[PDB]
Amino acid sequence: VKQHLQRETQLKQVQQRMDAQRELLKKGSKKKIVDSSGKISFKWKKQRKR
Amino acid sequence: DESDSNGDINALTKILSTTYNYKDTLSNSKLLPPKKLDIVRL
Amino acid sequence: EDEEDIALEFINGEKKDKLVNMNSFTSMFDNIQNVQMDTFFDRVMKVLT
Amino acid sequence: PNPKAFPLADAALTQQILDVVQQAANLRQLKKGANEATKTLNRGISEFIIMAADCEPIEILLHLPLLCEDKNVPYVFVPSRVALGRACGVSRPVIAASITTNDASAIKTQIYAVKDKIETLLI
Amino acid sequence: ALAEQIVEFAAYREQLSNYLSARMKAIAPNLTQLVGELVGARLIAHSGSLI
Amino acid sequence: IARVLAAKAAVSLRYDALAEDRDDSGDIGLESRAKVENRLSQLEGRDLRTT
Amino acid sequence: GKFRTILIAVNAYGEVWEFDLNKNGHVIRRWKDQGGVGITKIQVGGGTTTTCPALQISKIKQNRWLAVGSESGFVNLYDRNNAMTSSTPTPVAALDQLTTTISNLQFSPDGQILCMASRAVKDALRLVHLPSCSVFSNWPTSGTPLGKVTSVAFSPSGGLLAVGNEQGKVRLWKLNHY
Amino acid sequence: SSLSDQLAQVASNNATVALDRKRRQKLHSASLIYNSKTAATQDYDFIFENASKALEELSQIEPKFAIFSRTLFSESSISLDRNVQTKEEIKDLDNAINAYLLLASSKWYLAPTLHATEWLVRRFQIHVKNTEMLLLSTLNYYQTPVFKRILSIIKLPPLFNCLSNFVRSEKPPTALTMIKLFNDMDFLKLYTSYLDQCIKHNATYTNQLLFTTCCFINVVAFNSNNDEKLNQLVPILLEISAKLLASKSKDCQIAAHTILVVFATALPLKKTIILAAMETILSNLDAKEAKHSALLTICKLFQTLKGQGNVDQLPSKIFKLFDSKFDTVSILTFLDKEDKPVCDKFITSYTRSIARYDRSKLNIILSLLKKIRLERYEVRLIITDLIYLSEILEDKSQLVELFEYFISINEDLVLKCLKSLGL
């Protein structure tokens with residue numbers, strides 16, 4: 001059971017990373033912000049998708 | 001074959017023959033007409 | 001009162017409306033088949049209002 | 001306002017909820033629409049569910065509280081779906097939306113504040 | 001006698017389908033009115049509960 | 001059309017399996033059917049190839 | 001010899017309060033803007049305002065239109081007669097053309113054009129014809145030199161429009177009908 | 001220009017002459033009913049037998065067709081040819097073909113029309129020689145397998161290129177194709193001529209009159225932007241509107257009504273032109289259906305015009321005409337209708353005309369003002385007309401009655417217009 005659990009959490013994270021990339025692909029006016037720790041993030045402009 | 005010689009029937013066709021630019025403009029329309037703005041750059 | 005008050009009375013008074021855009025009458029073609037003439041006319045008047 | 005839509009936020013809580021919604025959509029953490037919201041309950045990642053009250057017929061979103069009871073997700077009706085769509089960011093009326101989870105967002109604290117006030121309102 | 005028994009299954013099937021259409025009209029008349037009651041009943045059959 | 005139909009069928013179903021005081025007239029089916037119909041006319045009016 | 005001034009204040013959730021000032025500021029009413037999650041800018045028009053003001057007491061006229069503009073981009077538009085009467089009314093028309101946060105709303109001094117503009121991205125002025133609530137389609141065009149519009153005015157008499165942006169240059173048009 | 005292109009136009013000239021046995025099977029195997037091989041095996045005498053039978057059936061249904069049995073469907077018409085005949089003779093044969101296609105455009109969901117016009121197709125090559133009258137006749141059936149057939153045989157003229165794309169296909173032509181056909185202009189001229197001929201020979205029906213209506217509507221909608229296109233499309237639709245009014249079929253009159261309404265709400269027409277619109281409409285108005293439609297139309301036209309001269313009197317003749325056609329109790333029940341179309345501008349124009357031309361029905365005036373909710377400037381105009389009427393007339397009881405009605409509603413405007421003139 002424990003090994004099943006770790007398999008599930010890892011697949012969850014891989015899907016987190018992949019989903020963030022897919023939405024970088026989509027549209028919008030992004031902004032690439034950089035955290036302290038080394039981690040990057042994106043923050044979109046305040047606009048209504050039409 | 002043809003010479004010129006209550007209310008009629010021919011009237012719509014006759015006044016169409018007379019007038020040539022049928023949008024009413026000349027009337028000081030007082031109301032700003034929609035969807036086509038008339039604006040000049042100074 | 002004043003002329004400018006009269007023209008504002010015009011402008012205030014007249015009420016809003018629907019314009020003829022380029023897409024209103026296209027379902028008329030698919031409702032045209034055997035319905036009688038006056039019924040078509042009243043659906044047209046509804047589109048205009 | 002239907003008695004169908006029971007746990008209903010007021011003015012103050014409604015503003016706070018739609019503030020978190022606006023932030024979440026700017027960061028892209030928001031799932032818009034009722035079919036999409038049911039999907040994310042099913043995958044079991046969603047943070048909480050915000051529903052409209054005036055979608056008539058009400059039942060089409062009434063299928064969500066049974067899932068939220070089953071899965072223990074907090075959920076709140078807010079009064080107007082026009083407002084929910086505007087706060088959500090699209091051009092449409094949106095009758096349900098769902099904050100999804102990313103534990104290192106920049107709005108984790110605000111989400112928790114709202115989710116805690118919701119759970120009090122349910123409980 | 002076999003051939004008349006064949007006729008009887010045909011009549012029985014028509015009766016069953018008419019029964020079913022009326023019954024679906026009773027249970028889920030919105031979905032019936034949309035997709036047609038045969039496919040509606042098959043949807044309910046596959047996923048099981050109407051709920 | 002299978003997307004539009006599946007969405008309007010979900011609306012129809014949820015109105016049916018959960019609305020405890022149903023009037024049995026199927027009106028939500030009729031309304032949404034008119035919506036899907038209109039969609040079908042729009043799609044089939046559109047012509048992919050030049051005039 | 002008599003007028004009465006009313007002060008209208010918009011909460012950023014949408015709840016309009018209308019105090020009156022003549023007797024000490026006492027709430028005439030309050031009604032909610034329908035929709036309206038984040039509101040910036042309310043403005044009235046059609047009569048006499050802080051943007052086309054009066055010049056003798058006989059000329060004060062009550063404003064016919066009310067407009068409320070949100071920071072999504074929408075702008076709801078109410079009629080004053082019916083909104084005052086009903087006290088939780090329906091917007092006559094809801095415009096969404098701009099996509100960023102409404103930062104200017106001016107009516108024309110005779111109240112037939114609403115110019116709704118946005119501070120936030122380039123070329124975001126639209127002029128709306130009222131009562132029919134329909135955006136004028138041919139000006140501003142693609143090439144209209146506007147830039148990030150930061151302020152707008154309408155002229156009292158000559159029918160002029162004057163727009164100013166972030167580069168610091170004001171540009172000036174004449175609506176030729178006047 | 002090239003030898004190739006001059007030769008091409010030669011072949012187009014001699015397009016229907018069978019110069020070979022191969023070409024003759026090409027020509028003769030184009031046909032409306034049969035498939036290719038069967039049609040090319042059979043001959044003129046057989047096709048004529050089938051056609052005569054079908055025309056006897058159509059004569060039973062509609063009794064105009066015995067004349068065609070006298071003159072285009074005889075044994076002599078087995079014998080005649082179309083290419084061996086001088087131009088005067090060809091012109092007459094095309095008159096008879098055009099009149100036949102009119103007087104059986106209306107039956108094209110019928111196998112007898114299929115069989116009879118198939119003889120005309122094969123012996124006289126209408127699908128080559130007069131195709132424009134073929135297509136403009138059978139146009140509105142644009143879904144029925146019969147029109148798909150007719151496209152499959154025809155060779156499309158220069159003004160039908162939209163279908164030139166759609167020819168020889170299992171899908172039919174679509175509504176947006178028909179609208180783009182009409183949205184070109186020289187086609188609108190052509191179609192107008194076909195409708196004038198159709199009206200003057202009296203063969204119209206609801207199906208095709210609906211179709212022509214729906215296309216003239218849709219042309220004005222797509223042109224609702226380009227004001228030059230609109231201004232240049234005014235005379236053609238307003239010519240049809242006049243002729244289609246001057247007819248005597250209530251269906252014609254309803255079609256012309258709906259054309260006028262859509263066109264005037266899409267373009268602001270001049271006052272004199274809306275006046276003459278009303279003049280023609282009323283002056284040939286009879287029927288009940290048309291009476292109801294015409295009332296709605298005139299209210300809508302006067303609501304459209306706006307400027308100066310906004311709300312004046314009708315002239316004497318148009319007013320008297322309107323009174324002959326419409327009772328005041330009829331306009332009163334129209335104002336008693338539930339739906340209540342916006343008709344304020346026509347109502348007050350009518351009221352000013354009453355108080356300046358009749359000076360009696362002032363009780364009726366108070367009835368009208370009780371019925372409808374006018375606007376402030378209409379009030380101002382009416383009240384000033386009554387003030388002048390009072391100063392020209394005896395202060396009559398009903399004139400008083402109108403005045404205390406306004407006293408009931410807006411003493412202050414009475415005071416303001418009084419300050420304009422009086423005390």
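Residues numbered from 1 in each chain as written, not as in the entry; some residues may be left out. Chains lettered and ligands numbered in written order. Part of a larger assembly, values for the part shown. Heavy atoms only, no water.

Chain H is annotated in the PDB entry as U3 small nucleolar RNA-associated protein 10 from Saccharomyces cerevisiae.

Chain B has the name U3 small nucleolar RNA-associated protein 18 in the PDB entry, where Saccharomyces cerevisiae is given as its organism.

Draft legend 1. The arrangement of the overall build of chain H in detail. Helix and strand counts for chain H come out as 25 helices and zero strands. The C-alpha radius of gyration of chain H comes to 30 Å, more than 25% above the 22 Å expected for a compact globule of 423 residues. For the C-alpha atoms alone, the extent of chain H along its principal axes is close to 100 × 50 × 40 Å. A fraction of 71% describes how many contacts in chain H between residues 6 or more apart in sequence connect residues 24 or more apart. Carbon together with sulfur atoms contributes 52% to the accessible area of chain H, which is approximately 19700 Å² in total. On chain H, the mean spot of the 52 positive side-chain charges and the mean spot of the 45 negative ones are 4 Å from each other. (Helix = DSSP H or I, 4+ residues; strand = E, 2+ residues; numbered from the N terminus. Rg over C-alpha atoms; globule rule 2.2 N^0.38 Å. Contact = heavy atoms within 4.5 Å. Areas by Shrake-Rupley, 256 points an atom, 1.4 Å probe, with all protein chains shown as cover. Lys, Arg positive; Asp, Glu negative; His and termini not counted. Charge placed at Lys NZ, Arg CZ, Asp CG, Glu CD.)

Draft legend 2. Here's a closer look at the nonpolar core. Core analysis: the largest hydrophobic core is formed by 160 residues, its most contacted members being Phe73, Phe182, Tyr191, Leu233, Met278, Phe322 and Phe346 of chain H. Look past the residues within four positions of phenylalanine 73 of chain H in its chain and what remains in contact with it is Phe48, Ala51, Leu55, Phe68, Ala116, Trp119 and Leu120 of chain H. Counting residues in hydrophobic clusters, the runner-up holds 24 residues, among them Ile17, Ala25, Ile111 and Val114 of chain D. (Core = buried A, V, L, I, M, F, W, Y, C linked by side-chain atoms within 4.5 Å. Buried < 20%, exposed > 50% of the residue type's maximum accessible area, 1.4 Å probe, protein only.)

Draft legend 3. Main features of unusual backbone geometry. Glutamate 56 of chain D connects to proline 57 of chain D through a cis peptide bond whose omega is 10 degrees. Position of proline 57 of chain D relative to the elements: it lies in the loop between β2 (48–52) and α3 (59–62). Here the bond from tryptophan 139 of chain G into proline 140 of chain G is cis, since omega is -5 degrees, no more than 30 degrees from zero. Mapped onto the elements, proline 140 of chain G comes out in the loop between β11 (134–135) and β12 (149–154). You will see that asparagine 72 of chain D, though not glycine, has its phi angle at about 55 degrees, which is positive. Looking at where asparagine 72 of chain D falls in the secondary structure, it is placed in the loop between α4 (64–71) and β3 (75–78). Overall, the relative accessible area of 66% leaves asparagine 72 of chain D in the exposed class.

Draft legend 4. Region of the structure containing the sheet that holds strand β8 (residues 102–107) of chain G. Residue and element names in this part refer to chain G. Read across the open sheet, the four strands follow the order β8-β9-β10-β11; overall the sheet is antiparallel. Strands with a single pairing partner mark the edges of an open sheet, and in this sheet they are β8 and β11. In this structure, β8 lies alongside strand β9 (residues 113–118), joined through five bridges in antiparallel fashion. For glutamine 106, the partnering residue across the bridge sits in β9 and is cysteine 115. (Pairing = 2+ DSSP bridges.)

Draft legend 5. Highlighting the arrangement of the chains. Between all 12 pairs of chains that are in contact, chains C and H come out with the most contacts. Between chain C and chain E there is no contact, and the shortest C-alpha to C-alpha separation is 20 Å.

Draft legend 6. Examining the side chain of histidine 129 of chain G more closely. Position of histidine 129 of chain G relative to the elements: it lies in strand β10 (residues 125–129). Under the relative-accessibility criterion, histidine 129 of chain G is labelled buried at 6%. Each residue touching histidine 129 of chain G, except ones within four places of it in the same chain, is listed here: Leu32, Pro33 and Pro34 of chain B together with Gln112, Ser134 and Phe136 of chain G.

Draft legend 7. Molecular detail of a nonpolar patch on the surface. Residue and element names in this part refer to chain E. A cluster of nonpolar side chains, contributed by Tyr12, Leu16, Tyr19, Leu20, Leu38, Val39 and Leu43, occupies part of the molecular surface with about 640 Å² of accessible area. Mapped onto the nonpolar patch, the elements with two or more residues apiece are α1 (2–27) and α3 (37–47). Sort the elements by how many residues they give to the nonpolar patch and α1 lands first, with four residues. Inspection of the secondary structure assignment puts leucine 38 in helix α3. For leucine 38, a relative accessible area of 41% corresponds to the partly exposed category. (Patch = residues over 30% accessible without salt bridge, like charges linked within 9 Å, V, L, I, M, F, W, Y side chains within 5 Å. Salt bridge = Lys/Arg side-chain N within 4 Å of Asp/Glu carboxyl O.)

Draft legend 8. Seen up close, the sheet that holds strand β13 (residues 160–165) of chain G. Taken in spatial order, the four strands line up as β1(B)-β14(G)-β13(G)-β12(G) in an open sheet, and their pairing is antiparallel. Two strands in the sheet have a free side with no partner beyond their single neighbour: β1 (39–41) of chain B together with β12 of chain G. Shown here is a sheet whose adjacent strand axes are inclined to one another by a mean of 25 degrees, direction ignored. Sheet topology note: the β13 of chain G/strand β14 (residues 170–175) of chain G ladder contains five bridges and is antiparallel. For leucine 161 of chain G, the partnering residue across the bridge sits in β14 of chain G and is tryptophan 173 of chain G. (Axes fitted to C-alpha atoms, helices over the stretch in contact; angles between N-to-C directions.)

Draft legend 9. A look at the packing of aromatic side chains. Residue and element names in this part refer to chain H. Scanning the model with the defined rule gives 31 aromatic pairs over all chains in all. With 6.2 Å between their ring centres and 70 degrees between their planes, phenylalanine 182 and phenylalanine 216 make a pair best called edge-to-face. Residue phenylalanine 182 is found in helix α12 (residues 175–183), and its partner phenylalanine 216 is found in helix α14 (residues 206–222); the two are separated by 34 residues along the sequence. Judged by centre distance (6.3 Å) and plane angle (85 degrees), the ring pair of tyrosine 191 and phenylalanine 216 falls under edge-to-face. Taken as a pair, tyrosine 191 in helix α13 (residues 186–200) and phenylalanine 216 in helix α14 lie far apart in primary sequence, 25 residues in all. (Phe/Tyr/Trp six-rings, centres within 6.5 Å; stacked < 30°, edge-to-face > 60°.)

Draft legend 10. A look at the interface of chain C and chain H. On the side of chain H, 42 residues touch chain C, which itself brings 27 residues to the contact. A combined buried area of about 3100 Å² lies between chain C and chain H, and 69% of that area is made up of carbon and sulfur atoms. Counting the contacts that link chain C with chain H gives three salt bridges. Linking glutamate 1 of chain C and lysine 416 of chain H is a salt bridge whose minimum nitrogen-to-oxygen distance equals 3.2 Å. At the boundary of chain C and chain H, one finds two residue pairs in polar contact. For the side of chain C that touches chain H, the secondary-structure elements that each account for two or more residues are α1 (3–13) and α2 (37–48) of chain C. The element that contributes the greatest number of residues to the side of chain C that touches chain H is α2 of chain C, accounting for eight residues. (Buried area = accessible area lost by both parts, 1.4 Å probe. Polar contact = N/O pair within 3.5 Å; in protein donor to acceptor, adjacent residues only side chain to side chain.)

Draft legend 11. The environment of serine 41 of chain A, seen in detail. Residues and elements named next belong to chain A. Structurally, the position occupied by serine 41 is in strand β2 (residues 40–42). As a C-alpha pair, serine 41 and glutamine 6 span 35 residues in sequence and 26 Å in three-dimensional space. In this structure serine 41 touches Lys31, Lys32 and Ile33, once residues within four positions along its chain are discounted.

Draft legend 12. Representation of the environment of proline 89 of chain G. Residue and element names in this part refer to chain G. Here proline 89 lies in the loop between α1 (80–86) and β7 (93–95). Sequence separation of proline 89 and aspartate 33 is 56 residues, and the distance between their C-alpha atoms is 7.8 Å. When sequence neighbours within four positions are dropped, the list of residues in contact with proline 89 reads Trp31, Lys32, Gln34, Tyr78 and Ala83.

Draft legend 13. Quick look at the packing of helix α2 (residues 34–43) of chain D against α4 of chain D. All names here are of chain D. Remark: α2 packs on α4, axes separated minimally by 11 Å, with the N-to-C direction vectors making an angle of 15 degrees. On the basis of their axis angle, the class for α2 and α4 is roughly parallel. Pair α2 / α4 crosses with left-handed handedness. Between α2 and α4, the contacting residues are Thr38, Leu41 and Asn42 on the first element and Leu64, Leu67, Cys68 and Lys71 on the second. Each residue belonging to the contact of α2 with α4 can be placed in one class, and the counts come to four nonpolar, two polar and one charged. (Parallel < 35°, antiparallel > 145°, perpendicular 65-115°, else oblique. Left-handed = near helix turned anticlockwise from the far one by under 90°. Nonpolar A, V, L, I, M, F, W, Y, C, P; charged D, E, K, R; others polar.)

Draft legend 14. Structural detail: the pairing of strand β1 (residues 6–10) of chain G. Residue and element names in this part refer to chain G. Two strands pair when backbone bridges link them, and β1 and strand β2 (residues 15–20) are joined in this way by five bridges, in the antiparallel orientation. Its bridge partner lying in β2, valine 10 is registered against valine 16. A loop of four residues connects β1 with β2, the two strands running antiparallel in sequence, and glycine 14 in this loop sits at a positive phi of about 120 degrees.

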